[PDB]
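Have a look at the structure below, then the notes.
Any read-out appearing in this document is the output of simple, stated calculations on the displayed coordinates, not a laboratory observation. Here the Cβ is made from the backbone with ideal geometry for all residues, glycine too, and neighbour counts use every protein chain on show.
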Amino acid sequence: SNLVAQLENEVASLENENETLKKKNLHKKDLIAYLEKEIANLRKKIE
Amino acid sequence: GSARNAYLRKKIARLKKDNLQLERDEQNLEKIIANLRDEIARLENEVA
């Protein structure tokens, strides 16, 4: 009872940490698309 | 009603595995970023 309570806490703690780390990644993914659009338009210059 | 413990156990394990992957995903995304940033620095130097 007190045990299931802690276990369910743990599940929720881990979900939060992961959900944020997943967001930080999704953002690095937006960043990448950004640098790639940069390179594409830098290259359009010479070529 | 129980095997509730069992479900909680397995789910927690999956979540821990999920974190070790998100961690691997983060460092690789960082390696990809620094390389694109390096590539843009060369390009900017070539064009300039």
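When chain A is described by a simple charge dipole with +1 on each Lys and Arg Cβ and -1 on each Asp and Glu Cβ, the residue from A:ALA40, A:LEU3, A:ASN25 located farthest towards its positive end is A:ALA40.
Local charge for A:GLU38 was computed over the other residues whose Cβ lies under 14 Å away, with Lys and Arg +1 and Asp and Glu -1, and equals 0. Placing +1 on the Cβ of every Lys and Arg and -1 on the Cβ of every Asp and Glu, with no other charges, gives chain B a dipole of roughly 880 debye about its Cα centre.
Based on the Cα gyration tensor of chain A, what are the three equivalent ellipsoid semi-axes, each the root of five times an eigenvalue, rounded to whole Å and given largest first?
Numbers: eigenvalues 412, 3, 3 Å².
Computed over chain A, the values are 45, 4, 4 Å.
The C-alpha atoms of chain B define a longest principal axis, and helix B:4-47 lies at about 0 degrees to it.
Summarised in one figure, the compactness ratio Rg/Rh of the protein assembly as shown, Cα atoms and Kirkwood Rh, is 1.30.
The charge dipole of chain A, taken about its Cα centre with unit charges on the Cβ of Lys, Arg, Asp and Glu (plus for the first two, minus for the last two), comes to roughly 540 debye. Inter-chain neighbour count for A:37-47: the average number of beta-carbon atoms from partner chains within 10 Å of each residue's beta-carbon is 3.
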